[PDB]
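K.L.:
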Amino acid sequence: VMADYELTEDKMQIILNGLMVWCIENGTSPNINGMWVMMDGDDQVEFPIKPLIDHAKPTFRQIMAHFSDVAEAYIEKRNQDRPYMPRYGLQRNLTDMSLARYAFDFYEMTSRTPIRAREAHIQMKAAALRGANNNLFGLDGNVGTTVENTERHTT
Amino acid sequence: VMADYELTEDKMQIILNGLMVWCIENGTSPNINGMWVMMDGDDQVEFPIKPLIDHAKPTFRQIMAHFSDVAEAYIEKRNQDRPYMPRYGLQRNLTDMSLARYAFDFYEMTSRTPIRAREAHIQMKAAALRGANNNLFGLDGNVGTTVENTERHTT
Amino acid sequence: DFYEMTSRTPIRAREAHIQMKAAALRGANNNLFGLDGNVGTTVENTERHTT
Amino acid sequence: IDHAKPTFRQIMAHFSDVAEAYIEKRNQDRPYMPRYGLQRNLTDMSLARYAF
Amino acid sequence: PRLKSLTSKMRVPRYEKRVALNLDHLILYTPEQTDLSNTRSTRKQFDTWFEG
RNA sequence: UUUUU
RNA sequence: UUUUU
RNA sequence: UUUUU
RNA sequence: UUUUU
RNA sequence: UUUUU
Numbered sequence: 118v119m120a121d122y123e124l125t126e127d128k129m130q131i132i133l134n135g136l137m138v139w140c141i142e143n144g145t146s147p148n149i150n151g152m153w154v155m156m157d158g159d160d161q162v163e164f165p166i167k168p169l170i171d172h173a174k175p176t177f178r179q180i181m182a183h184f185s186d187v188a189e190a191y192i193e194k195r196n197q198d199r200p201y202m203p204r205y206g207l208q209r210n211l212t213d214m215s216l217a218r219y220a221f222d223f224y225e226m227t228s229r230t231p232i233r234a235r236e237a238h239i240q241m242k243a244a245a246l247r248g249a250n251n252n253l254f255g256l257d258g259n260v261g262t263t264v265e266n267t268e269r270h271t272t
Numbered sequence: 118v119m120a121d122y123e124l125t126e127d128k129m130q131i132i133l134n135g136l137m138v139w140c141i142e143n144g145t146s147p148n149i150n151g152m153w154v155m156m157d158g159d160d161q162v163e164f165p166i167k168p169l170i171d172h173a174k175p176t177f178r179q180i181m182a183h184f185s186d187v188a189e190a191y192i193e194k195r196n197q198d199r200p201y202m203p204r205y206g207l208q209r210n211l212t213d214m215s216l217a218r219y220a221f222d223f224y225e226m227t228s229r230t231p232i233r234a235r236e237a238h239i240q241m242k243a244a245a246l247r248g249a250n251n252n253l254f255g256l257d258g259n260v261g262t263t264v265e266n267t268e269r270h271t272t
Numbered sequence: 222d223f224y225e226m227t228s229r230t231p232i233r234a235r236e237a238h239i240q241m242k243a244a245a246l247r248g249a250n251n252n253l254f255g256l257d258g259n260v261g262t263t264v265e266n267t268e269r270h271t272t
Numbered sequence: 170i171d172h173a174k175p176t177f178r179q180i181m182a183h184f185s186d187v188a189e190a191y192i193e194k195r196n197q198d199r200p201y202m203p204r205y206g207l208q209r210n211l212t213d214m215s216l217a218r219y220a221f
Numbered sequence: 066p067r068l069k070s071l072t073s074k075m076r077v078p079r080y081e082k083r084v085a086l087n088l089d090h091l092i093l094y095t096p097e098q099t100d101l102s103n104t105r106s107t108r109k110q111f112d113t114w115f116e117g
């Protein structure tokens with residue numbers, strides 16, 4: 118990224134802090150297009166997508182698995198002020214306003230964590246999947262519906 | 118080309134930048150005639166074709182395979198503004214407005230790229246072909262329907 | 222026909238919204254492609270007629 | 170090519186594990202995949218090991 | 066903090082090394098799509114019909 | 001490898 | 001055994 | 001993400 | 001392990 | 001803790 122956006126600065130600190138949020142409120146997959154944006158007061162200075170994705174060797178979740186507790190405390194605060202809930206449950210119909218803590222697309226389970234919420238995490242994980250298959254292969258390139266003739270036309 | 122159009126300039130930078138576009142919006146084959154053109158405001162200063170084709174040793178795709186990511190970001194921007202889609206799918210009936218990214222006539226697959234769009238790329242590649250054959254030879258030149266007589270007429 | 226769910230909203234009506242959403246759909250498929258343009262049922266002959 | 174009695178694969182069958190470790194390293198750095206699957210549509214980034 | 070779409074470190078062709086060919090002043094070029102095609106004819110032809 | 005108007 | 005561009 | 005006449 | 005838009 | 005029309 119440092120080669121891409123040409124900062125020569127640790128402002129990328131602030132940038133990636135931005136990327137946390139659009140990463141949160143919406144899905145996580147290579148199958149993304151459009152843009153994203155954050156704000157500065159009332160402004161909406163936009164930003165692109167792709168090279169933050171085409172330039173990691175494992176996937177996007179496998180890199181963002183770090184940024185766990187920061188957004189955790191984030192939602193703790195701004196939920197303590199007001200009844201925020203994220204997107205990912207509102208499509209999947211959570212019930213408890215308390216259990217916003219783990220309505221993420223991504224997380225890493227650890228041995229410091231409660232019992233109850235695990236159930237919703239895993240059930241709502243797998244059941245939120247369906248239908249899409251491993252379905253390995255697409256189709257091959259060598260597509261000659263016929264063989265070369267290897268002859269000659271003459272009068 | 119530098120011998121042809123006699124610039125003594127890196128304006129050919131801008132020219133070839135033009136050639137990107139007419140190269141994009143339409144097919145790529147030796148079987149081309151007519152002209153092409155770009156604009157300057159509201160003007161339509163035209164330009165010819167052939168010597169950009171008769172003067173490369175492998176084919177035209179095999180040279181334009183470079184210019185990949187430039188037009189990629191191009192369409193990213195001007196699609197982000199407005200619902201552009203190119204030609205090549207509109208003849209082949211794409212469905213998703215998002216997947217304009219790879220409705221080209223040409224591209225080089227790489228190991229930084231998604232899974233999904235590959236399917237449409239290859240399927241719509243080969244199925245967009247049909248009927249035209251390897252069909253090597255045309256016909257030969259030595260066409261004497263008869264043999265010389267090698268005689269004489271006399272009274 | 223349309224709405225955006227938010228975190229200020231009740232529990233009950235969500236059920237009817239989503240059930241009546243998806244069940245009001247049926248049958249219509251993703252069904253990507255139509256058909257292609259290059260439709261030559263034959264190949265050019267590339268010959269000549271003479272007497 | 171014109172100077173081996175059996176074919177080219179039948180000689181290059183030696184050089185197996187060297188390029189194997191090669192791709193192990195330079196894949197471990199970065200998400201390389203070779204050509205031969207990208208024409209044939211592999212799926213797993215892990216399974217570059219045998220897209221020869 | 067703001068920036069632009071196009072870049073310079075991108076992988077791009079090169080006549081010689083220092084040269085970058087797709088000159089990055091092309092921010093402003095988006096005429097009508099159909100207006101550029103071959104499926105529509107040219108303005109000159111459109112004139113000469115209208116005059117003939 | 002070629003062959004996508 | 002050959003035949004994988 | 002799309003697909004609700 | 002992947003697959004959660 | 002929620003769930004009392």
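If you read the sequences in order, they're chains K, B, J, C and A.
In the authors' numbering, each residue carries its 1-based index in the first sequence increased by 117.
In the authors' numbering, each residue carries its 1-based index in the second sequence increased by 117.
In the authors' numbering, each residue carries its 1-based index in the third sequence increased by 221.
In the authors' numbering, each residue carries its 1-based index in the fourth sequence increased by 169.
In the authors' numbering, each residue carries its 1-based index in the fifth sequence increased by 65.
Even for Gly, the Cβ is constructed at its ideal location relative to N, Cα and C.
Look at K/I170 and K/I149 and say whether their C-beta atoms are less than 9 Å apart.
P.N.:
yes
K.L.:
For J/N259, count neighbouring C-beta atoms within 10 Å of its own C-beta (all shown protein chains included) and say buried if the count is 16 or more, exposed if not.
P.N.:
exposed
K.L.:
Between the Cα of K/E265 and those of B/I192, B/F254 and B/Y224, spot the shortest distance and give me the residue it belongs to.
P.N.:
B/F254
K.L.:
Mapping DSSP to helix, strand and coil, what is K/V154?
P.N.:
Here K/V154 sits in strand by DSSP.
K.L.:
Helix, strand or coil, according to DSSP, for B/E163 in the structure here?
P.N.:
strand
K.L.:
In terms of alpha-carbon separation, which member of A/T95, A/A85, A/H90 and A/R105 lies closest to B/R199?
P.N.:
A/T95
K.L.:
For B/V118, count the other beta carbons within 10 Å of its own beta carbon; 16 or more makes it buried, fewer makes it exposed. Which is it?
P.N.:
exposed
K.L.:
Using 8 Å as the cut-off, can you tell me whether the region 141-148 of chain K makes contact with the region 176-193 of chain K, which would need three or more C-beta pairs spanning the two stretches below that distance?
P.N.:
yes
K.L.:
K/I132: which of K/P231, K/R204, K/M155 and K/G151 sits nearest, CA to CA?
P.N.:
The residue with the shortest Cα to Cα distance from K/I132 is K/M155.
K.L.:
Answer yes or no: does any C-beta atom of chain K fall closer than 9 Å to that of residue 67 of chain B?
P.N.:
The displayed coordinates of chain B run from 118 to 272. Any statement about residue 67 of chain B would go beyond what the structure contains.
K.L.:
Indicate whether at least one CB of chain B lies closer than 9 Å to the CB of C/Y191.
P.N.:
So no, C/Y191 is outside the interface.
K.L.:
Of all Cβ atoms in chain A, is any one closer than 9 Å to the Cβ of K/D121?
P.N.:
yes
K.L.:
Is B/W153 buried or exposed, if buried means 16 or more other CB atoms sit within 10 Å of its CB?
P.N.:
buried
K.L.:
Can you tell which of K/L211, K/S215 and K/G158 has its C-alpha closest to the C-alpha of J/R233?
P.N.:
K/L211
K.L.:
State the Cα-Cα distance for the pair J/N251 and B/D213, rounded to the nearest angstrom.
P.N.:
10 Å
K.L.:
For the region 240-268 of chain J, which residues have a CB atom closer than 9 Å to at least one CB atom of chain B, in sequence order?
P.N.:
Residues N251, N252, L253, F254, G255, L256, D257, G258, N259, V260, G261, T262, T263, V264 and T267.
K.L.:
Within the continuous alpha helix (DSSP H) that includes B/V187, where are the two ends?
P.N.:
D186 to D198
K.L.:
Quick check on DSSP: helix, strand or coil for B/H183?
P.N.:
coil
K.L.:
Can you have a look at B/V187 and say buried or exposed, based on whether 16 or more other CB atoms are within 10 angstroms of its CB?
P.N.:
buried
K.L.:
For the alpha helix (DSSP H) that K/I170 lies in, which residues bound it at each end?
P.N.:
Careful: K/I170 lies outside any alpha helix (DSSP H) and carries neither H nor E.
K.L.:
Compute the beta-carbon to beta-carbon distance between C/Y205 and C/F221, rounded to the nearest angstrom, for a pair I have assumed lies under 8 Å.
P.N.:
7 Å
K.L.:
Could you tell me if B/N134 is buried or exposed, where buried requires 16 or more neighbouring beta carbons within 10 angstroms of its beta carbon?
P.N.:
buried
K.L.:
What is the rounded straight-line gap between the Cα of K/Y224 and the Cα of K/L207?
P.N.:
18 Å
K.L.:
When you compare the CB of B/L133 with every CB in chain A, is at least one pair closer than 9 Å?
P.N.:
yes
K.L.:
Under a CB-based cut-off of 9 Å, is C/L207 close to chain B?
P.N.:
Yes, its Cβ sits closer than 9 Å to a Cβ of chain B.
K.L.:
Once you ignore the five residues that flank C/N196 on each side, which residues in its own chain have a CB closer than 6 Å to its CB?
P.N.:
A217
K.L.:
Quick one, are the C-beta atoms of A/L101 and B/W139 less than 9 Å apart?
P.N.:
yes
K.L.:
Can you tell me which of the three DSSP states A/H90 falls into?
P.N.:
coil
K.L.:
Can you tell me the Cα-Cα spacing of B/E189 and C/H172, whole angstroms?
P.N.:
45 Å
K.L.:
Considering just the uninterrupted stretch of the alpha helix (DSSP H) at K/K242, what are its terminal residues?
P.N.:
From DSSP, the alpha helix (DSSP H) with K/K242 extends over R233 to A245.
K.L.:
Given that C/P203 touches chain K, what residues does it touch there, using C-beta distances under 9 Å?
P.N.:
Within chain K, no C-beta atom comes less than 9 Å from the C-beta of C/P203; the nearest is roughly 14 Å away.
K.L.:
Around the Cβ of K/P203, are there at least 16 other Cβ atoms within 10 angstroms (buried) or fewer (exposed)?
P.N.:
buried
K.L.:
If you compare alpha carbons, which of K/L256, K/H270 and K/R209 is closest to K/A245?
P.N.:
K/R209
K.L.:
Any Cβ of chain J within less than 9 Å of the Cβ of B/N210?
P.N.:
yes
K.L.:
Exposed or buried, which one is B/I141 when buried takes at least 16 other CB atoms within 10 Å?
P.N.:
buried
K.L.:
Taking 9 Å as the threshold (C-beta atoms), are A/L88 and K/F164 in contact?
P.N.:
no
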